[PDB]
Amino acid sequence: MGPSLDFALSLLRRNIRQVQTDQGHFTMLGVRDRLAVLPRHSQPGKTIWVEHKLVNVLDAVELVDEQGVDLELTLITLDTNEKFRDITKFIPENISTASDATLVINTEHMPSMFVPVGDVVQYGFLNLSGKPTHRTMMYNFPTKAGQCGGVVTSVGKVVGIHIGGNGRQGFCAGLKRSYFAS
């Protein structure tokens, strides 16, 4: 509710970017330095649109956890002029569920949008259009196409990235701090 909403708003300007790839429109969380995270499904190429600018991509590396499981997110590094404000400290050391979370969407079509998704609960194994992953979490909210990459936040942590849904529920890849270690 209110507390996750205001924390979510504090991330928006400095860290939550509108992007476009050949696959469509996505929300992108910038984490530190020139490092950001996107859904694998966005399939970033050699350039990517960020806000109004076509930006060269330094690399895109699929995020695979310490158990060898693809998390369906890719870590992208960018030929941006400025570094992102470092939000490492807001990514929890442990994958975290949360009550009354906020999902932040920021795309050209859904700009600066805060979605009260309610409680985010453990889900675990998830088969997303035939691609299996784990460590996912679920919220009973009817998320939509165009919300992938959306940032799931608690009172003061960034806990997940929206990756899929079935029309009545939504699912995020869980985040923990070690995923972003250099």
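Residues carry their position along the shown sequence, with the first being 1.
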For this session: Could you settle it for me: does 70-78 or 85-93 have the higher average Cα B factor in the PDB entry?
Result: 85-93
Problem set entry | Of 144-152 and 47-55, the stretch whose C-alpha atoms average the higher B-factor in the entry | 47-55
For this session: By the entry's C-alpha temperature factors, tell me which of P132, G118, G124, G30 sits highest.
Result: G118
Seminar exercise, completed: Quick tally, chain-level thirds of C-alpha B-factors: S99 sits in the highest
For this session: Going by the recorded CA B-factors, say which third of the chain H25 sits in, lowest, middle or highest.
Result: middle
Seminar exercise, completed: On the chain's distribution of Cα B-factors, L5 falls within the third called highest
